[PDB]
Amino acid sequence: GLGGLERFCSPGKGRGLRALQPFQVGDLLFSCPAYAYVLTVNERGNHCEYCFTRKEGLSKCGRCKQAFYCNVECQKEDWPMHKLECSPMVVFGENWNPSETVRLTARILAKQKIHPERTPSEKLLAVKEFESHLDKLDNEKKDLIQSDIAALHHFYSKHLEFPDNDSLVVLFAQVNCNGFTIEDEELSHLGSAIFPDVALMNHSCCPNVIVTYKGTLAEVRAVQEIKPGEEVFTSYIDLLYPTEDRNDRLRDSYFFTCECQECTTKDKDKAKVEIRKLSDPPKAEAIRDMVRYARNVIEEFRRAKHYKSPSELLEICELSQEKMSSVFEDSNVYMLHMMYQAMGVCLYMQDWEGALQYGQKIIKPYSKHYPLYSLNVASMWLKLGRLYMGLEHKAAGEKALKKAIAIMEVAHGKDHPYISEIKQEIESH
């Protein structure tokens, strides 16, 4: 197992992770090497395929020209996994498009063939023991898993000996339930991975730990004091949202309803959905209509980013914020969601001034809605600092970068390479 911790039966939460020793804020509970992992297509050339090191001058795989490495060692060590995609990418060419879930699942199957025994990533929970929620799957979810199974056979039949369709549905369901996205210091998606021992941790909306990444290594650090006998909880989702939104996401992706202190009390829901203090106060039904509109625009924008122009996308943000502002305060989470999306469009267009303009409005309400140590808060301070620094606003940049560092020292560890990079940014300018 893992020193100072143990697997146990958490009443109403299946299996969980329990502390057997105290942990203070910022302490590393444990580390978990990735069981299986895949670098996202859009990050190829930026990060090494094998170790996820972000560096310039990465060496290109000579055959496919679509995998990049630190050196010949990272190339060689990645070959058992890379071979699943190398020749297929050149052969299928433009037709090579498996989903990231399919790409990850092919790597799980390859790992099971090479290393059928328990790995150092499975000291407490094994990939084979993962919860699947197979019994909870409706026709729509089974059809999506069937599309994934067809893509797996379509792109990965060369090296893999597939189990029956039934075992593959269980696997795809286990991956959807237990898979992790690996994000960088700005919360930008790097890839997907399996961290079995990390997946043992149950969810809370008031977590006592944060998961961070050092290359492909998951690290688990306390963000609250943990005492012997206490269960170790991480957040599976974005904590900005009110109770109903959080539980709609938890039910849809994880098939459960949270009953943590935040979900039971609903204490933060009022400030999250802050209403304007108007002479004629807005009616209950008028609030409910705007909350419904707000959730609809969030979905509309999500679809629109796949095909609309940057000006059309900014229009959706501006127009929706205008409609919402008649009922909602600027600190309201639905207003903040659109501002964050608008900031993202500005960043893509390299409109640094516009991105800064939005980030300045988001920061104070973010700090209030998110927990004490939050990667979403750290990431926003970091973006702001980098924008300020890039725009020659050095004092404001330094202040915002130091706010990012203060949170990251707890979540990522004082010695994290990301913090050394941020300090170099403060020192170089």
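Whichever C-alpha set is largest while still superposing within 1.5 Å between the two forms counts as the rigid core. Heads up: residue numbers just count along the shown sequence, starting at 1.
Put simply, when the other structures in 6 other deposited structures of this protein are lined up on the rigid core, the C-alpha atoms of 158 to 166 lie farther off than those of the other stretch, from 340 to 348 and 158 to 166.
Superposition on the core shows that, in 6 other deposited structures of this protein, the C-alpha atoms drift more in one of 81 to 89 and 303 to 311; this is 303 to 311.
When 51 to 59 is weighed against 31 to 39, 51 to 59 comes out higher, by mean CA B-factor as recorded in the entry.
As listed in the deposited structure, the average C-alpha B-factor of 120 to 128 and of 300 to 308 is greater for 300 to 308. If you compare the C-alpha temperature factors of 239, 278, 260, 211 in the entry, 278 comes out highest. Ranking 324, 199, 102, 170 by Cα temperature factor from the entry places 324 first. In the deposited entry, the Cα temperature factor of residue 354 sits in the top third of values across the chain's modelled residues. The deposited CA B-factor of residue 290 belongs to the highest third of values across its chain. Among the modelled residues of the chain, residue 313 sits in the highest third by CA temperature factor in this PDB entry. Per the deposited record, the Cα B-factor of residue 184 falls in the lowest third when ranked against the other modelled residues of its chain. Annotation for residue 248: C-alpha temperature factor in the middle third relative to the rest of the modelled chain, per the entry.
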